[PDB]
Amino acid sequence: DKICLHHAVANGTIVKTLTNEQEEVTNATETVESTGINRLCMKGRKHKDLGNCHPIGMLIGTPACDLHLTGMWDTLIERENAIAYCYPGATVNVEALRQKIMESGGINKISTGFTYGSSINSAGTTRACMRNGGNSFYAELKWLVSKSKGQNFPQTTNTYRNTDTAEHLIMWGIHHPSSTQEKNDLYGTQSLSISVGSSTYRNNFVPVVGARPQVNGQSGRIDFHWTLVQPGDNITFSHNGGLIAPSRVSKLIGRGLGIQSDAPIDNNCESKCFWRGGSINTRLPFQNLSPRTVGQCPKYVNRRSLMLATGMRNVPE
Amino acid sequence: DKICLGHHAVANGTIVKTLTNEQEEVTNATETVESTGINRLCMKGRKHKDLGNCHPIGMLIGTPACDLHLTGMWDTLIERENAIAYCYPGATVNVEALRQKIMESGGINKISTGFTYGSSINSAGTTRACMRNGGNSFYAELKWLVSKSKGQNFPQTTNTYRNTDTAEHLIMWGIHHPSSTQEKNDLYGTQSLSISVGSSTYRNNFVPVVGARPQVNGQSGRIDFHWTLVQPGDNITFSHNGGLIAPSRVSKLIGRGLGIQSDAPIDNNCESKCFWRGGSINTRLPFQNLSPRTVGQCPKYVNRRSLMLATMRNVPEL
Amino acid sequence: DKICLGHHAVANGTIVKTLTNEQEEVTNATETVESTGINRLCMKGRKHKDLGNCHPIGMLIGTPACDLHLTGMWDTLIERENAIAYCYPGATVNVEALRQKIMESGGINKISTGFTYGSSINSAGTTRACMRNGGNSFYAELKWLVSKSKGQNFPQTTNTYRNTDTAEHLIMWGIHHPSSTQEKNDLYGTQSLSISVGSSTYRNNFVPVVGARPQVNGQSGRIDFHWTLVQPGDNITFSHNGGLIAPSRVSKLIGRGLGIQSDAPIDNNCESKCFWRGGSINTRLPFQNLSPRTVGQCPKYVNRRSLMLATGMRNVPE
Amino acid sequence: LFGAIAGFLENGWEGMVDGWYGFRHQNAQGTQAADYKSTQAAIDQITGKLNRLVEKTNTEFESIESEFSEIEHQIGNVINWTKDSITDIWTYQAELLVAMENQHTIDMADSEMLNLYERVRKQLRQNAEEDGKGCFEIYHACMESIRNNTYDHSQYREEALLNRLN
Amino acid sequence: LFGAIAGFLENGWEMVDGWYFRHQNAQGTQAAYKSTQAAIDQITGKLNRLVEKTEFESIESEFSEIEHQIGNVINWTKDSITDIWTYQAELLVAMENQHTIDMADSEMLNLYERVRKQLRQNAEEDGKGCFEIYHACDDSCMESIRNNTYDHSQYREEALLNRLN
Amino acid sequence: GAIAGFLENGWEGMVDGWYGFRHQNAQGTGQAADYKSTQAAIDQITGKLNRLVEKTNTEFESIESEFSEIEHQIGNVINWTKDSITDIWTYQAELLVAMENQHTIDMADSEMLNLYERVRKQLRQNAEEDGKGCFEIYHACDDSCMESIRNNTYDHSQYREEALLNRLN
Ligand SMILES: CC(=O)N[C@@H]1[C@@H](O)[C@H](O[C@@H]2O[C@H](CO)[C@H](O)[C@H](O[C@]3(C(=O)O)C[C@H](O)[C@@H](NC(C)=O)[C@H]([C@H](O)[C@H](O)CO)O3)[C@H]2O)[C@@H](CO)O[C@H]1O
Ligand SMILES: CC(=O)N[C@@H]1[C@@H](O)[C@H](O[C@@H]2O[C@H](CO)[C@H](O)[C@H](O[C@]3(C(=O)O)C[C@H](O)[C@@H](NC(C)=O)[C@H]([C@H](O)[C@H](O)CO)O3)[C@H]2O)[C@@H](CO)O[C@H]1O
Ligand SMILES: CC(=O)N[C@H]1[C@H]([C@H](O)[C@H](O)CO)O[C@@](O[C@@H]2[C@@H](O)[C@H](O)O[C@H](CO)[C@@H]2O)(C(=O)O)C[C@@H]1O
Ligand SMILES: *[C@@H]1O[C@H](CO)[C@@H](O[C@@H]2O[C@H](CO)[C@@H](O)[C@H](O)[C@H]2NC(C)=O)[C@H](O)[C@H]1NC(C)=O
Ligand SMILES: *[C@@H]1O[C@H](CO)[C@@H](O[C@@H]2O[C@H](CO)[C@@H](O)[C@H](O)[C@H]2NC(C)=O)[C@H](O)[C@H]1NC(C)=O
Ligand SMILES: *[C@@H]1O[C@H](CO)[C@@H](O)[C@H](O)[C@H]1NC(C)=O
Ligand SMILES: *[C@@H]1O[C@H](CO)[C@@H](O)[C@H](O)[C@H]1NC(C)=O
Ligand SMILES: *[C@@H]1O[C@H](CO)[C@@H](O)[C@H](O)[C@H]1NC(C)=O
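Pasting the structure below:
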């Protein structure tokens, strides 16, 4: 006449302990997600997919960036082969600036009220910039050239003036001609100089002629330079020509999440963590899909699977 | 006849967390994370410097606000929020790297260049942007070289400074950019202007630019500053044409020290090995949640309300 | 009658630390931190190149020290303290950047730029700083362009290198700044000098600058070195008025190697995967206290000389 | 560690599909049960759990390295070093956290078994002999007295003592 | 879990200096040193480890502003490090409390077994942490228990007769 | 509980094993080591040693020039990072060791108390509880009988009443 006092199971996953690897247990759960949604989950977020628009292009007015030149966004998205430059060119401080845009939350644009002398033809256009079928140019930039071929470009001064509450990012361009024959045509024979100075900036640019390969079928280059114009502070442009003067001035408003990804949008699904391959959602505190991520996220770890025991030791008879 | 065993208990037990329980109450628990920061700066034991409205870069080039702080050595360095770095409008290049050399540094000594100038040159330049005794002045450790005979060409000039001392020396000059072509012409003539600078380790060339700009401090003009290190037993040569702001004295940085960026008022009596923008922090506790940026031997910053560490399980009667 | 139960003990036993007691004797313990590192570079299994005096930059440029090491292949590259990258005094732009690319590089490869110069130009210019056989000489991948006729102005020239190969290429050229105007006049003439560089990616302008500078290696004149990447199928052009040090071959970093800055001598008959300046490390142990700076697959650096891990029971003696 | 599991008890009851801890029943009348809040005292802490694990200490991060363009080479390497180090931390931290809270779970699963067991043998008092396989030899004759905390020890102190002594 | 605090002992008595007796006899009716000193030292032992303490210098400025790209990198590294140290603070406190609770309970239960083995066969434990002693015990006997000078053998003869009949 | 508590000493004399048997018999007095119980401790110690040295590291590269200058601001940012990483790894090491020592010691403590219980409930009624970690046996137990107990073979039922007698009188 006796009384006896646990459960075991046919299959026990093995966890790791401080003394024992390979220790069978009645149930154990994964603490690392290794499967993540292929798509980007965008529920409950006001966002903007720039498509083949580069974030720099928004401020500059690249033709692909036309329906993006203003907006507001919780979230902003960038794509693999976005087009920043219509016309061959490089940007000074491009990475210092792209980040500024991808952590903003919208762009407002202001006209500069620039006004050019009757000596000056400001309707410059290139066939790098093809709006519908015609020669166009950057939406917020006027390519000044002297109106009569070869005739010397007049000394011109244009001053933007910030009267708004918050600082305005202002962008301008400098033109670098392909051949010395070409420089005289547009601006003239004179010694060129562009002097841009505000209260918290001074600089100066001098168009350089040189033999260069053809990019989008153009040899000449437009380098783009930008600065922030503080509230209550004017900025002055004095130029011989070769200035791609800003018709407009971008303003960056608020703060938003910036995603660089090739995954397609899905607004069915919710998330707060995105990477390149898309998105990751779970409450597992770890993850091994990708090391580089955006927004609130689980920390990256090397191991494919980590087993946390939810049960007692599994001992079959 | 009976004997019975048991443990204490308390009426209002405090609560704590474990690995198994979100809310466990316990006879006693103490604090593990600090929160009560002291607002003043606790500078006891430290030989220190409160620059007031003087910037550090101002020390090397001698702005008037900075006049008292031109030399000396410190346990620790203190910088106010509104400190004046430039009285005349200008910028410095690699200024952040420069400011940090100063903040890491224990002390500064100034050594004269020995520079001398011809009669045609006017060493005694001044501006109302920089004022001493309510009168126009220029930076203390720099000289503004213009032509004494107005309009006339700046004479070609050569200035060399030789680093005789065993220590490396930090040297600062300025490149003045005028506003008018009118203005540039009056001071330096119609010359094509150039400033070139060479040493064994450092080569660079500077060209002044006319530009139109809005007034700062009442001045359209700009003076941007540059700096380099002159290694010992070596010489740096200054070749200039008109536009140079030439050093009359040179900085030397001594030792390693703490640097503090704070606008909170000093309290000398209390002592701390920790500081932030508000005063100091005093604790044995290994964590803190005051502010994510401090300086010195400081506790680690954690984003929590508080974390409670138990000092047994409190079981009440029933 | 009785039967007892007991553990063992030893006459002398090791000391360990716990969460509640700092001081708890135990029968046995094992060290978990490694300090008995090694003093040679174990390069068995690793195809390696020992630079000696040549600095990595010198590989690309063509310095006389690395004249053996102009072209190579390795999974490891070993730099030395006494490194020499220059003969003629000069510095390089983005030097750390370029240097780091080379130290990552598993290889270097050289392609002739094939540039041709006219009758007026002298392809062979040599300096006494760079001596090969005895006879003066110059960097083995560049060429120093000067006028054959001492007085004469340099001819305006276009030189273009085209990258035919599938992979991207690294090309270095130099700009030479003369000590005095007369120097400048002999070498390149009295005309204003402009070097202009251009590629699909890359656009820049350089102007030689004349200034007095102190002699190094016996030369007041200076050479500044510049680099860029020529994308496959791209072409890069040099329009220059003189003062250009022009490439005669181009570089092509290959694969991935492992950069090592090390005072230690080679041992090609042991293996290892961690390296520091001192030597190499082989240990089972997780933590290490020798060097804060380490390279490769290495144990973490902890600010402790010893942590004892009890591998026995509480030791209680007679 | 505690003697109960993989100790004197020599396997588990794979037959049991209800509850971690139960009673195996033997007397002339009849022959398997389960003790309820020994196994939820246990579940309360097994589901004290993953509360630690899944509560999000979530700080929002931004992207410090762009994928679709050159990053400057020096700062590029500083970033790749800081992140490789922050990973080698969390991979440690994760590996310890599961391996230590596995060790804590596994060896707390008998504690309750032992406390159930010693509860039971304090109920039974001098009425039963242990037998050392976790079983209890009972030397007298609705045995859910012990299962449901009912059993009076004086009530059959009685003949059971002398069933031992014969 | 050790049986005592969350198991067979049902609550604590609101005893003055001592974490861990009460006995009942005809002429009188509380006592609590070695057991508690064994516990309290461990509490300080944990505290002492906590207090023990490198220097650090400012990398982003307060009153000027920092080049963007580097400012972001500084913020990201600084942020992620706080993330790690917060996890560590939360884990250590969580764990050391897990141990702290469950240590007092150890120094409780061993006192119980010390006693139960010391009365050997002259008492029965009744399942709630009271020991029922059949052989009569005056106060001066109780104190022979608290100072561990209690001899079982001499009472044993009287006990067994009471236990069996 | 067992080693720092009621078992007053450890025997230096024992060399074969961690856990020991020693008995008082009329024929002889002997020392015995339990192969099973010590083996359990040794297995869980070598398990910790393995987990300790089972570490594989991602290859790393230099971010600090040893033989050349580094720009001042970037240097400060690397210094602050490299030192903060180091501070974490030093605190993480002190944790590891101070935690796993706590556990190594107590694992060792319990394995003994488990052997002790194993003997005790094995004896059932033939013996009694001395807090010296000792059992008075109330019958003549000889040299075959002694590790009848350590083989764990020992059967109370055949000594039975003899054992109850002289416990009782
Ligand atoms: C009539 C009218 O609108 N008001 C003018 C008034 O604008 C002008 O004030 C002056 O403008 C000149 C240049 O246009 C200078 O900037 C004068 O200021 C100083 C200065 O203090 O900074 C004077 C000083 O002596 C100069 N230093 C030297 C020796 O070089 C500097 C210098 O020119 C600049 O710093 C160069 O960038 O300028 C300023 O008062 C006055 C007369 O100039 O006449 C009013 O009627
Ligand atoms: C009389 C006296 O004080 N001693 C002089 C002595 O200084 C001078 O030595 C030379 O100085 C010239 C320039 O002033 C050169 O620098 C000479 O060196 C070389 C060199 O080896 O580097 C010679 C070389 O042929 C030159 N390369 C070419 C072809 O361009 C270079 C070149 O000028 C510089 O590198 C340009 O920066 O210079 C150096 O020996 C000699 C004759 O010059 O006369 C002594 O009496
Ligand atoms: C009005 C103006 O400046 N724009 C020109 C443009 C410029 O000449 C050029 O961008 C300056 O760098 O060139 C355009 O195209 C032309 C070609 O079709 C031609 O065949 O070669 C020309 C110069 O040799 C010139 O480049 C263009 O970009 O569309 C014409 C445009 O009006
Ligand atoms: C770089 O120069 C080469 C050679 O001039 C250019 O490539 C030639 O490409 C064209 C059309 O793509 C062919 O018709 C020629 O046969 C090629 N020549 C050789 C020998 O390959 C190339 O287009 C230039 N690169 C750029 C970007 O302008
Ligand atoms: C720094 O300048 C000094 C002086 O110009 C140079 O040293 C001297 O050498 C010249 C010629 O050999 C002598 O006339 C001087 O008397 C020397 N000065 C001293 C103090 O001995 C020195 O060579 C220059 N340094 C460099 C690196 O060029
Ligand atoms: C901006 O321009 C307006 C008019 O040109 C002027 O009133 C104001 O002083 C200028 N502001 C600054 C900061 O220069
Ligand atoms: C809690 O403990 C701390 C130190 O043990 C003590 O200062 C305090 O008086 C105790 N009681 C409370 C909760 O105040
Ligand atoms: C001491 O510890 C080391 C490491 O665990 C082990 O190799 C050695 O066997 C131990 N000493 C003895 C006597 O067992």
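From first to last, the protein sequence lines are chains E, C, A, F, D and B.
Taken in order, the first sequence gives residues 11 to 15, 17 to 129, 129A, 130 to 158, 158A to 158B, 159 to 263, 265 to 276, 276A, 277 to 325; the numbers are from PDB author numbering.
Taken in order, the second sequence gives residues 11 to 129, 129A, 130 to 158, 158A to 158B, 159 to 263, 265 to 276, 276A, 277 to 318, 320 to 326; the numbers are from PDB author numbering.
Taken in order, the third sequence gives residues 11 to 129, 129A, 130 to 158, 158A to 158B, 159 to 263, 265 to 276, 276A, 277 to 325; the numbers are from PDB author numbering.
Taken in order, the fourth sequence gives residues 2 to 32, 34 to 143, 148 to 172; the numbers are from PDB author numbering.
Taken in order, the fifth sequence gives residues 2 to 15, 17 to 22, 24 to 32, 34 to 36, 38 to 58, 61 to 172; the numbers are from PDB author numbering.
Each step along the sixth sequence adds one to the number in PDB author numbering, with nothing skipped, and position 29 is 32.
Where a beta carbon is used, it is the ideal one built from N, C-alpha and C, also for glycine.
Within chain D, not a single residue places a beta-carbon under 8 Å from that of C:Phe125; the smallest gap is close to 30 Å. The beta carbon of E:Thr318 sits closer than 7 Å to the beta carbons of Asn38, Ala39 and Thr40 from its chain, once the five residues preceding and following it are set aside; these are given in chain order. Using a Cβ-Cβ cut-off of 7 Å, B:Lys124 is close to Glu132 and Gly134 of chain F, given in chain order. Contact check between the segment 98-107 of chain D and the segment 132-140 of chain E: fewer than three CB pairs, one atom from each, fall below 8 Å, which does not count as touching. DSSP places C:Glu32 outside any beta strand (DSSP E), giving it a letter other than H or E. According to DSSP, residue pairing for A:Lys152 in a beta bridge involves A:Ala253.
The continuous beta strand (DSSP E) containing D:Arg25 extends over residues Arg25 to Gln27. Minimum Cα-Cα distance from C:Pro221 among the listed residues E:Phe294, E:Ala95, E:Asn166 and E:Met113 corresponds to E:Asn166. With respect to the C-alpha of C:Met53, the residue from C:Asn289, C:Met69 and C:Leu70 having the closest C-alpha is C:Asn289. Within the same chain, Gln125, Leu126, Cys148 and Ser151 come within 8 Å of B:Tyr157 by CB-CB distance, once the 5 residues on both sides are set aside. In the DSSP assignment, C:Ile88 falls within the unbroken beta strand (DSSP E) covering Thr86 to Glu89.
Secondary-structure assignment with DSSP links C:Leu177 through a beta bridge to C:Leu236 and C:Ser258. Closest in C-alpha terms to A:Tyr209, from the list E:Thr73, E:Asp193, E:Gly228 and E:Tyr209, comes E:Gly228. Membership of D:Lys124 in the alpha helix (DSSP H) is indicated by the continuous run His75 to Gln125. Below 8 Å, enough C-beta pairs join the segment 55-64 of chain E and the segment 80-91 of chain E to call them touching: three or more.
Per DSSP, the beta bridge partners of E:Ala317 are E:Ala39.
Burial state of E:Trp234 is buried, judged by a 10 Å Cβ sphere holding 16 or more other Cβ atoms. Think of a sphere of 7 Å around the beta carbon of E:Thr165: the chain C residues whose beta carbon falls inside it are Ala219, in chain order.
Annotation: F:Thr84 has no Cβ neighbours in chain E at a cutoff of 8 Å; minimum Cβ distance is about 12 Å.
Under a 10 Å Cβ-count criterion, A:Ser287 is classified as buried, with 16 or more other Cβ atoms of the shown protein chains found around its own Cβ. DSSP lists C:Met53 as the beta-bridge partner residues of C:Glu278. Nearest in C-alpha terms to F:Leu116, of all of F:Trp14, F:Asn12 and F:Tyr22, is F:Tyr22. Judged by the Cβ position, A:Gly225 qualifies as a neighbour of ligand 2 at the 8 Å threshold, a heavy atom of the ligand being closer than this. In the structure shown, B:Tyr141 adopts coil according to DSSP, grouped into three states.
Taking a cut-off of 8 Å on C-beta distances, the segment 160-175 of chain E touches the segment 245-260 of chain E, as three or more cross pairs fall below it.
Distances from the alpha-carbon of E:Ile130 to those of E:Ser156, E:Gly262 and E:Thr173 put E:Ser156 closest. Relative to the non-hydrogen atoms of ligand 2, the Cβ of A:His247 never comes closer than 8 Å to any of them. By alpha-carbon distance to E:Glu89, the top candidate from E:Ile178, E:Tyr127 and E:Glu114 is E:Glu114. Measuring C-alpha to C-alpha distances from C:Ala95 to each of C:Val237, C:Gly23 and C:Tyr148 identifies C:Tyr148 as the nearest.
With respect to the C-alpha of D:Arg25, the residue from C:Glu34, C:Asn22, C:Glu32 and C:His18 having the closest C-alpha is C:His18. Within chain C, the residues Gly205 and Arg210 have their CB atoms less than 9 Å from the CB of A:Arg229, given in chain order. Just so you know, the alpha carbons of A:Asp241 and A:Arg169 end up roughly 6 Å apart.
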